[PDB]
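Trainee: Can you keep this structure in mind? I'll have questions shortly.
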Amino acid sequence: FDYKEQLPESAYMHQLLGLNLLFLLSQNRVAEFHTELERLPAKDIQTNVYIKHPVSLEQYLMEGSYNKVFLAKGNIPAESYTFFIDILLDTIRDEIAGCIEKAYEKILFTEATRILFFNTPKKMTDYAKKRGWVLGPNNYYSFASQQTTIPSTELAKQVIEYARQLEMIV
Amino acid sequence: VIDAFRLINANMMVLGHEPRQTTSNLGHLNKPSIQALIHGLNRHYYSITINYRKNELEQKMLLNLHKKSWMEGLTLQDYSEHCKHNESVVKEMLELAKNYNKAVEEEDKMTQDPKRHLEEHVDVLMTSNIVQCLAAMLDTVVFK
């Protein structure tokens, strides 16, 4: 990006730019991902495949088609985009877990397995052994049910502040 | 309205000498009363200056007279009466706001009581509402 004029065009560049974009997706640094996209040329995002593929992956992820982003594993423009797809898989499962967190009161084991793609069912305890929202596998897992007092001290602080500002000579 | 006095000897006044010596500025700074003048303040007697010896203990005992109780300090105004007073004063302040709008408009088109009354009303509203809000907060905390 610095010495564009003096240096000549690097044909072996967009592959790495897309690789870095995919790495940003995997690490879940969406802000940096979009700053990088803004730095990139507008035309390339559509003309090229190396940049367009990470762009499409993030588009699917931010649209919410987790099935589509999973299915988009196969279309790897180059082999370099490998193991970043796996970190991205971990990040996708974490995001799905966050959806289950902030929503989905009272979820069950079979639907959780179907939705939040776990490994083999004998390993189904994964993310309950680690993320572990005190699940309490009460057969149904209850989602552990994870999700009235006057703040008189704070309100008195505010009211005394009003009185202070009214009574100060200034 | 209290006043001390002493008589002037009949000889001294006629002798031209003043009834009382004057060696210092103390003693003056007192305006003699017109009633005393017309009844002969300086012709037969003279007004002595009255000072009061106030001790700190005596002053504190005097203060005990109207000293407020911690009860009345921590007590709350009747809430229905408070709401009625707030509504009344807010309506009065509305009327003064209309008056003050017309006053500013007319004065600035041809180039006070409304502004002053409105300031007084806003002051009373603020003080009363803030005092009761804080008293309620303190009660809720302290009494549990």
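Note on naming: chains are A, B, ... as they come in the structure tokens, residues start from 1 per chain, ligands start from 1 in the order shown.
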Check which residues of chain A sit at most 10 Å from chain B using only C-alpha atoms, and return one row each with the closest pair of atoms and their distance in Å to one decimal, ordered by chain and rising number, as JSON lines.

Mentor:
{"residue": "A:150", "atom": "CA", "partner": "B:140", "partner_atom": "CA", "distance": 8.1}
{"residue": "A:151", "atom": "CA", "partner": "B:137", "partner_atom": "CA", "distance": 8.7}
{"residue": "A:152", "atom": "CA", "partner": "B:137", "partner_atom": "CA", "distance": 5.1}
{"residue": "A:153", "atom": "CA", "partner": "B:137", "partner_atom": "CA", "distance": 7.2}
{"residue": "A:154", "atom": "CA", "partner": "B:137", "partner_atom": "CA", "distance": 9.1}
{"residue": "A:155", "atom": "CA", "partner": "B:137", "partner_atom": "CA", "distance": 7.0}
{"residue": "A:156", "atom": "CA", "partner": "B:134", "partner_atom": "CA", "distance": 5.6}
{"residue": "A:157", "atom": "CA", "partner": "B:134", "partner_atom": "CA", "distance": 8.9}
{"residue": "A:158", "atom": "CA", "partner": "B:134", "partner_atom": "CA", "distance": 9.2}
{"residue": "A:159", "atom": "CA", "partner": "B:134", "partner_atom": "CA", "distance": 6.3}
{"residue": "A:160", "atom": "CA", "partner": "B:134", "partner_atom": "CA", "distance": 7.4}
{"residue": "A:162", "atom": "CA", "partner": "B:130", "partner_atom": "CA", "distance": 7.9}
{"residue": "A:163", "atom": "CA", "partner": "B:130", "partner_atom": "CA", "distance": 7.2}
{"residue": "A:166", "atom": "CA", "partner": "B:126", "partner_atom": "CA", "distance": 8.8}
{"residue": "A:167", "atom": "CA", "partner": "B:127", "partner_atom": "CA", "distance": 10.0}

Trainee: Give me every strand (DSSP E or B) residue in chain B, going by DSSP on the backbone, as a PyMOL selection string.

Mentor: chain B and resi 4-7+26+28+45-48

Trainee: Give me the residues near segment 5-18 of chain B as a PyMOL selection string, where near means some atom within 8 Å (using only C-alpha atoms) and where sequence neighbours in that chain fewer than 6 positions away do not count.

Mentor: chain B and resi 42-48

Trainee: Could you please write out, as JSON, numbers by chain, every residue of segment 37-126 of chain B that DSSP assigns to alpha helix (DSSP H)?

Mentor: {"B": [37, 38, 41, 42, 43, 44, 56, 57, 58, 59, 60, 61, 62, 63, 70, 71, 72, 73, 74, 79, 80, 81, 82, 83, 84, 85, 86, 87, 88, 89, 90, 91, 92, 93, 94, 95, 96, 97, 98, 99, 100, 101, 102, 103, 104, 105, 106, 107, 108, 109, 110, 113, 114, 115, 116, 117, 118, 119, 120, 121, 122, 123, 124, 125, 126]}

Trainee: Find the residues around residue 89 of chain B up to 9 Å (only C-alpha atoms counted), leave out those fewer than 3 positions away in its own chain, and share them as a ChimeraX atom specification.

Mentor: /B:84-86,92-94,121-122,124-125

Trainee: Next, the residues of the selection above should be written as a PDB file, in the first residue's frame with N, CA, C and O atoms.

Mentor:
ATOM      1  N   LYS B  84     -50.413  19.119  44.976  1.00  0.00           N
ATOM      2  CA  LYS B  84     -51.274  20.277  44.769  1.00  0.00           C
ATOM      3  C   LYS B  84     -50.449  21.549  44.636  1.00  0.00           C
ATOM      4  O   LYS B  84     -50.713  22.381  43.760  1.00  0.00           O
ATOM      5  N   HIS B  85     -49.445  21.717  45.495  1.00  0.00           N
ATOM      6  CA  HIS B  85     -48.613  22.911  45.440  1.00  0.00           C
ATOM      7  C   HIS B  85     -47.813  22.969  44.147  1.00  0.00           C
ATOM      8  O   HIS B  85     -47.681  24.037  43.541  1.00  0.00           O
ATOM      9  N   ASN B  86     -47.261  21.836  43.712  1.00  0.00           N
ATOM     10  CA  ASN B  86     -46.520  21.820  42.457  1.00  0.00           C
ATOM     11  C   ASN B  86     -47.425  22.196  41.295  1.00  0.00           C
ATOM     12  O   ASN B  86     -47.048  22.998  40.439  1.00  0.00           O
ATOM     13  N   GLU B  92     -49.207  28.854  37.774  1.00  0.00           N
ATOM     14  CA  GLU B  92     -48.836  30.258  37.920  1.00  0.00           C
ATOM     15  C   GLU B  92     -47.620  30.589  37.062  1.00  0.00           C
ATOM     16  O   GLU B  92     -47.561  31.648  36.426  1.00  0.00           O
ATOM     17  N   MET B  93     -46.643  29.685  37.030  1.00  0.00           N
ATOM     18  CA  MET B  93     -45.448  29.873  36.218  1.00  0.00           C
ATOM     19  C   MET B  93     -45.772  29.815  34.732  1.00  0.00           C
ATOM     20  O   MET B  93     -45.119  30.488  33.935  1.00  0.00           O
ATOM     21  N   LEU B  94     -46.775  29.031  34.342  1.00  0.00           N
ATOM     22  CA  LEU B  94     -47.270  29.065  32.970  1.00  0.00           C
ATOM     23  C   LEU B  94     -47.795  30.448  32.616  1.00  0.00           C
ATOM     24  O   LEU B  94     -47.478  31.003  31.553  1.00  0.00           O
ATOM     25  N   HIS B 121     -40.680  31.894  41.172  1.00  0.00           N
ATOM     26  CA  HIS B 121     -41.438  30.649  41.110  1.00  0.00           C
ATOM     27  C   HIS B 121     -40.537  29.466  40.781  1.00  0.00           C
ATOM     28  O   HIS B 121     -40.667  28.393  41.380  1.00  0.00           O
ATOM     29  N   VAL B 122     -39.622  29.633  39.824  1.00  0.00           N
ATOM     30  CA  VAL B 122     -38.731  28.529  39.484  1.00  0.00           C
ATOM     31  C   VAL B 122     -37.857  28.178  40.680  1.00  0.00           C
ATOM     32  O   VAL B 122     -37.597  27.001  40.951  1.00  0.00           O
ATOM     33  N   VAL B 124     -38.564  28.512  43.939  1.00  0.00           N
ATOM     34  CA  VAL B 124     -39.322  27.793  44.962  1.00  0.00           C
ATOM     35  C   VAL B 124     -39.626  26.374  44.495  1.00  0.00           C
ATOM     36  O   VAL B 124     -39.520  25.413  45.270  1.00  0.00           O
ATOM     37  N   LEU B 125     -40.000  26.213  43.226  1.00  0.00           N
ATOM     38  CA  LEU B 125     -40.274  24.877  42.711  1.00  0.00           C
ATOM     39  C   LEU B 125     -39.049  23.986  42.844  1.00  0.00           C
ATOM     40  O   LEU B 125     -39.136  22.859  43.349  1.00  0.00           O
TER      41      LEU B 125
END

Trainee: Do you know which residues are at most 8 Å from segment 66-69 of chain A counting only C-alpha atoms, after dropping those on the same chain fewer than 4 positions away, and could you put them as a ChimeraX atom specification?

Mentor: /A:57,60-61,73,92

Trainee: For segment 35-40 of chain A, work out the shell of residues within 10 Å, counting only C-alpha atoms and skipping chain neighbours fewer than 4 positions away, then give it as a list in words.

Mentor: residues 1, 14, 17, 18, 20, 21, 24, 30, 31, 44, 45, 51 and 55 of chain A

Trainee: Let me see the file: selected residues, N, CA, C and O atoms, as a compact mmCIF listing (two decimals), in the first residue's frame.

Mentor:
# COMPACT_ATOMS: atom_id res chain seq x y z
N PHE A 1 0.79 -1.22 0.00
CA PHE A 1 0.00 0.00 0.00
C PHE A 1 0.83 1.28 0.00
O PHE A 1 0.31 2.33 -0.39
N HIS A 14 -3.06 -10.34 -4.58
CA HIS A 14 -4.45 -10.46 -4.15
C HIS A 14 -4.69 -11.76 -3.41
O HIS A 14 -5.55 -11.81 -2.52
N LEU A 17 -3.74 -10.89 0.05
CA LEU A 17 -4.69 -9.94 0.62
C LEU A 17 -5.97 -10.66 1.06
O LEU A 17 -6.47 -10.44 2.17
N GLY A 18 -6.48 -11.54 0.21
CA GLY A 18 -7.63 -12.35 0.59
C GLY A 18 -7.32 -13.30 1.72
O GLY A 18 -8.18 -13.58 2.56
N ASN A 20 -5.25 -12.70 4.20
CA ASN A 20 -5.31 -11.88 5.40
C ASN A 20 -6.75 -11.54 5.77
O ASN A 20 -7.11 -11.53 6.95
N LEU A 21 -7.59 -11.26 4.77
CA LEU A 21 -9.00 -11.00 5.05
C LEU A 21 -9.66 -12.22 5.69
O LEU A 21 -10.44 -12.09 6.65
N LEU A 24 -8.63 -12.49 9.23
CA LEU A 24 -9.37 -11.55 10.05
C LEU A 24 -10.77 -12.08 10.36
O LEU A 24 -11.24 -12.00 11.50
N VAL A 30 -13.91 -8.03 12.75
CA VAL A 30 -14.71 -7.56 11.63
C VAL A 30 -14.37 -6.11 11.30
O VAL A 30 -14.37 -5.71 10.13
N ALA A 31 -14.10 -5.30 12.32
CA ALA A 31 -13.76 -3.90 12.06
C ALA A 31 -12.50 -3.80 11.22
O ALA A 31 -12.45 -3.06 10.22
N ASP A 44 -11.73 -4.54 -7.49
CA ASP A 44 -11.20 -5.87 -7.24
C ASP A 44 -12.18 -6.73 -6.46
O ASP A 44 -12.33 -7.93 -6.73
N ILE A 45 -12.89 -6.13 -5.49
CA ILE A 45 -13.78 -6.89 -4.63
C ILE A 45 -14.76 -7.72 -5.44
O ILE A 45 -15.23 -8.77 -4.98
N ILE A 51 -9.95 -12.09 -3.48
CA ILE A 51 -10.53 -11.18 -2.50
C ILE A 51 -12.02 -11.43 -2.35
O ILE A 51 -12.57 -11.35 -1.25
N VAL A 55 -14.72 -12.00 1.00
CA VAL A 55 -15.82 -11.04 1.05
C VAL A 55 -17.15 -11.77 1.06
O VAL A 55 -18.05 -11.45 1.85

Trainee: Could you tell me which of B:76, B:71, B:65, B:34 comes closest to residue 128 of chain B if we count only C-alpha atoms?

Mentor: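 Among B:76, B:71, B:65, B:34, it is B:76 that comes nearest to residue 128 of chain B.
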
Trainee: Name all residues at most 8 Å from segment 22-27 of chain B (count only C-alpha atoms; drop same-chain ones fewer than 2 positions away) and give them as JSON, numbers by chain.

Mentor: {"B": [20, 29, 30, 48, 49]}

Trainee: Grab the atom CA of residue 63 of chain A to atom CA of residue 106 of chain A distance for me, in Å with one decimal place.

Mentor: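 According to the coordinates, atom CA of residue 63 of chain A and atom CA of residue 106 of chain A are separated by 24.9 Å.
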
Trainee: Mind giving me the straight-line distance from atom CA of residue 26 of chain A to atom CA of residue 87 of chain A in Å, one decimal?

Mentor: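 Calculated distance between atom CA of residue 26 of chain A and atom CA of residue 87 of chain A is 5.2 Å.
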
Trainee: Between atom CA of residue 143 of chain A and atom CA of residue 101 of chain A, measure the distance and give it in Å to one decimal.

Mentor: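 Distance between the two atoms: 8.6 Å.
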